[PDB]
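Undergrad:
Protein chains in written order, with the authors' numbering: chain A, 1 to 301; chain B, 1 to 306.
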């Protein structure tokens, strides 16, 4: 019983974190086998970032200008190359703490854990979701760049995010582990801005099933609705439209609570139009959307 | 930027989690050097927890009856004893992943990270607080017993909680690592229930200071209050009485922001009596109470771990 914003255990990732320094700029790198991955803008100064040319900058660097450090110990860089917005550094020794891993690109609406680091040292872990506009609402002070986001399935770490930038509104932007940005952002100081965000409807519905599972059910009602009718209301409140695929995905939770998906949709429709009237659900006075259906099933069953 | 509730990196604790089994009863244990700690009620298999004389069952149990598992490896139990509500198992191997650690008993209101575990394997990590009524609002399923709560200071792991049980309201009760329960609770089948709880005033104030530190300061006003007048109001909203000791604890955040504690109390008084008017504080619609003053300093000034 109970329900918490829960992160994956971060141990397997902790053992891969390192420090990468170029002149006066230091950030975090990810050390897997004999390769260290970090954001390429490690080779920039605060002034280089106005309009950097990374090809220009990188050619003026040698293996020797990169200072990589695992805790106290320096690692010898014997190769370097760029892969999109990532720098790859080869080191002359392999990380024995390297876990079973893959690099995955996630979709908006999906969640993952972040291991915030500074100077190659793990500081904290938290769970978040990839907003529909491709930003993350993160907790990232300066020097956190290079920190990674991940999921764990069985004994395998799926890396899905590396932190690169903070945007004018205070939200965060980054890449997958191939250096490709989520969203239309770039690694330079531009007036770039995130699109208007939306509420992840599928996740809200999952969260309401979690509430019902934990005994919170005042918001339920006798009505049912059609998908079309629900979408017309949801979209008026800046909620993502719901699809049949998304209804199908809520199936197990529906079965577990014996509340039909379209009945739960009718409940949400009423909450949207009426408000909560000070009341709370699972302790919150607003509808939460950073839990996926699988997250709910995992925690509640 | 951005502000979020964060757990400590759990790696150093993951390396200490094992599986402890007696008969059909399996739960989690904490493996430090050559000792494994787990809830004593693991010997109840699948025995009614009505009125068991743990002493007796324990005197009857053999070393070979405990199945301890660390990964694919079965640890050989070579000794066993009881320490209050905990079982201590001596094994033939000192845990190679033992970090620097200490056992501490925490105060109500204090926060910690919990590594939820099942069958000895870590499944998830979250941050929570010891409620004033001596329970935690955790997230636990069956088989989570033995999961631990902890803080990390530099390179030292301070273990402060081991999970024992769930109460009728869905909240949770457990012990420190000496095996002494938080609250009046016991590890047997009884009519025990959580008492009425309160909002951790010290933490809300710390959180308001965090907001200001982060440039979120709309709720500040130009008035002040006495401690007594603050308590008269706040206690009507089910807040814990604030003491002079709490006021002093907030001192460093008061100094950093230049806002006297009683001045911040007046803003909170105004927030309680008037609501927020749909506005947010640190992106939150409710007054957060699971961040301590030290949590705020740590996250805003610094801070990493070895």
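Every residue, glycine too, gets a C-beta built ideally from N, C-alpha and C.
(1) Just list the residues that DSSP pairs residue 88 of chain B with in beta bridges.
(2) Residues in the segment 153–175 of chain A with C-beta within 9 Å of chain B's C-beta atoms, listed in sequence order?
(3) How would you label residue 193 of chain A, buried or exposed, when you count the other beta carbons within 10 angstroms and need 16 or more for buried?
(4) Since residue 251 of chain A is in the alpha helix (DSSP H), which residue starts that stretch and which ends it?
(5) Is the CB-CB distance between residue 91 of chain B and residue 176 of chain B below 8 Å?
(6) Under a CB-based cut-off of 8 Å, is residue 147 of chain B close to chain A?
(7) Just how far apart, CA to CA, sit residue 96 of chain A and residue 75 of chain A?
(8) Pick out the complete beta strand (DSSP E) segments inside the segment 80–162 of chain A, 3 residues or longer, and give them in chain order.
(9) With DSSP as the reference, label residue 11 of chain A as helix, strand or coil.
(10) Quick one: using the 10 Å Cβ neighbour count with 16 as the cut-off for buried, is residue 55 of chain B buried or exposed?
(11) In chain order, which alpha helix (DSSP H) runs of at least 4 residues are fully inside the segment 16–75 of chain A?
(12) What would DSSP say about residue 194 of chain A, mapped onto helix, strand or coil?
(13) Taking only beta-carbon positions, decide if residue 43 of chain B is within less than 8 Å of chain A.
(14) Is the distance from the Cβ of residue 8 of chain A to the Cβ of residue 124 of chain B below 8 Å?
(15) May I ask which residues mark the beginning and end of the alpha helix (DSSP H) holding residue 201 of chain A?
(16) Quick check: the segment 29–45 of chain A against the segment 156–168 of chain A, are at least 3 beta-carbon pairs closer than 8 Å?
(17) Following the continuous beta strand (DSSP E) through residue 173 of chain A, name the residue where it begins and the one where it ends.
(18) Give me the Cα-Cα distance between residue 70 of chain A and residue 12 of chain A, rounded to the nearest whole angstrom.
(19) Looking only at its own chain, which residues have a Cβ that is under 8 Å from the Cβ of residue 167 of chain A, when we skip the five neighbours before and after it?
(20) Please report the straight-line C-alpha distance between residue 274 of chain B and residue 249 of chain B, rounded to a whole angstrom.
(21) Anyone know if the C-beta pair for residue 19 of chain A and residue 120 of chain A falls short of 8 Å?
(22) Going along chain A, which residues have a C-beta under 8 Å from residue 304 of chain B?
(23) If the cut is a Cβ gap below 9 Å, which residues of chain A does residue 126 of chain B touch?
(24) Going straight from the alpha carbon of residue 128 of chain B to that of residue 142 of chain A, what length do you get?
(25) Out of A:148, A:44, A:258, A:262, state which residue places its alpha-carbon closest to the alpha-carbon of residue 32 of chain A.
TA: Answer, in terms of the structure:
(1) B:37, B:81
(2) Residues of the segment 153–175 of chain A with a C-beta less than 9 Å from any C-beta of chain B: 166, 170, 171, 172, listed in chain order.
(3) exposed
(4) 251–257
(5) no
(6) no
(7) The alpha-carbon atoms of residue 96 of chain A and residue 75 of chain A are separated by roughly 14 Å.
(8) 86–91, 100–103, 111–118, 121–129, 148–153
(9) It is helical.
(10) exposed
(11) Complete alpha helix (DSSP H) runs here, min 4: 54–59.
(12) coil
(13) no
(14) yes
(15) 201–213
(16) yes
(17) Counting along the chain, the beta strand (DSSP E) containing residue 173 of chain A begins and ends at 172–175.
(18) 15 Å
(19) 135, 173, 185, 192, 193, 194
(20) 27 Å
(21) In this structure, residue 120 of chain A lies closer than 8 Å to residue 19 of chain A by Cβ.
(22) 117, 118, 119, 121, 122, 123
(23) 4, 5, 6, 7, 127
(24) 26 Å
(25) A:148
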